[PDB]
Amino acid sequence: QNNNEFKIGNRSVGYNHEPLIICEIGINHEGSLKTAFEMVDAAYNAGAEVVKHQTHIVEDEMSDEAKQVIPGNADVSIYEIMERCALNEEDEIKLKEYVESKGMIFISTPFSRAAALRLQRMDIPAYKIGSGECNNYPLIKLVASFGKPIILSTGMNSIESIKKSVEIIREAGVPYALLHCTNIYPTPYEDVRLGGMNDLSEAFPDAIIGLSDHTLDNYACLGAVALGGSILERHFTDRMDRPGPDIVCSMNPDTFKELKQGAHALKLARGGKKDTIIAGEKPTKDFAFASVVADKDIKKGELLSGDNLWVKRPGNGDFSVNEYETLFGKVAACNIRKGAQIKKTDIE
């Protein structure tokens, strides 16, 4: 498919690498550092490599108008949700320390210029840009100036609109990933459009490609791996009974493990070429391919035809089924027994 790659800290990502699953804790902690640690514990214990946060600074993120608009997966204003769920700077730094104390990589999504500057102070190794900000070219400009790789979600945006984001990113000189995304919580299977991934890699041949997902299970992400996806993002919770607008579409430890196992299998199985000769098939070819045999007794001096020849397993005959018709007209050099393989010495 391609050889694009970059590193997130010590983790290589790309088509030739192991798919990377991002455990998006997001606002799932509902503003409680204690709940956030219980979720980081759950991710570590499940074998997680990366925990992603969301960095919400409500005042720099939203004008007063946001106190009057309700998201699709809630019944109160987006401002109220973020005020309730937002971790302040001190707590978020505690979160990063904790994630790295568990040997995992901490990254986050900034929703504001100020959140972007807070993450730079923390020196995070890579930046996620959510689909809501994929057309926020001033924010992308700022983040790209930090000099770290960017993982850009591309939901709600056209290839044309994404080109503008990618130009900014290329200008800064940082490697980037494009995640295909549908921003409905949860997302119906029929809206996922995994082909969107090929559209993206075709439009932007230097991007690492993956999927951010909000369906109820792992199937979309597994198909993304089969298609060449290198990064998989789902929401993550320690248990499904938690409250929160994103919980519904989250992995838990069990389904994270399933996805990790499925992704590993599909990383190995995907790609390659039809014509590749697999040494392991050799014993099968030898017994299963057919060879040319006499279909009747043939007297010395008789002509071989489609009437006294046929083809039978196994494949070790002097003449393969591929040469069947080349024996028509040959002269029987001796008596040929019905059912015997045609030998080179059976014809003049």
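All residue numbers are counted from 1 along the displayed sequence.
Across the two stretches, 8-16 and 21-29, the PDB entry reports the greater mean Cα temperature factor for 8-16. Two stretches are in play, 80-88 and 259-267, and the higher mean C-alpha B-factor belongs to 80-88. Annotation for 302, 65, 60, 41: 302 ranks highest, by Cα B-factor.
Out of 273, 180, 128, 214, the entry records its largest CA B-factor for 273. The deposited CA B-factor of residue 36 belongs to the middle third of values across its chain.
Sort the chain's modelled residues by C-alpha temperature factor and residue 238 lands in the highest third, per the entry.
Annotation for residue 173: C-alpha temperature factor in the highest third relative to the rest of the modelled chain, per the entry. Ranked within its chain, residue 145 lands in the highest third, by CA B factor from the PDB record. Residue 225 sits in the lowest third of its chain by CA B factor, as recorded in the PDB entry.
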